[PDB]
């Protein structure tokens, strides 16, 4: 399991949590020096538990699929919640079995479905460590509209930060003040599968992507990523979705 406490949290303790989260995901291989997540894992071992504590010390446990960093569901006191999707239903076979009741949220874990439930795109939802404290608190008691927004915050501040060092840094900058995500942040989230695929296809193509990946940069400018020498590959991306899962 990995853990993160909002009480006393600072850029450093958050950085230690995102490092723990990355290090909890198993890999047998690196591709271009980036850990390659596994094609699959059997049974309970497929799921990492993240224990998150709001500023007051209340906690949820979030179940994450270690092959793709997808949040499947979470436990809040004696109630479990899972996304309305087959992979989460399968997860519910393995985690939080001791919950007194299981609620299936009325959406899947897809960014578009979450944004429609929440009533807003994530361009307009501030993220940061204060927003994560709020998200944890919201998820403590069921409210499906409020929870969609909380889950947009939670997914970006945990999974997306584990995946991209830039997103981790964006959150550290927002340790004491929320702010909506930069265009670059949104771009990276949206390209993770694409990037993962192109970095693995590069392995037999002299480091060159079969198909260029288009991103937005730090100044809000649209750039083409064509090969493994790009800073996005050498510095930013920390985990690769296995092409078997693409």
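Residue numbers count along the first chain shown, from 1.
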{"item": "Residue range whose averaged C-alpha B-factor is higher in the record, 196 to 204 or 58 to 66", "value": "196 to 204"}
{"item": "Higher-B stretch (mean Cα B-factor, as the entry records it), 182 to 190 or 39 to 47", "value": "39 to 47"}
{"item": "Where the record places residue 160 (Cα B-factor, split into thirds across the chain)", "value": "lowest"}
{"item": "Ranked against its chain, the third holding the CA B-factor of residue 106", "value": "middle"}
{"item": "Residue 246 by Cα B-factor - lowest, middle or highest third of the modelled chain", "value": "highest"}
{"item": "CA B-factor placement of residue 52, once the chain's modelled residues are sorted into thirds", "value": "lowest"}
{"item": "Residue 130 - Cα temperature factor, lowest/middle/highest third of chain", "value": "lowest"}
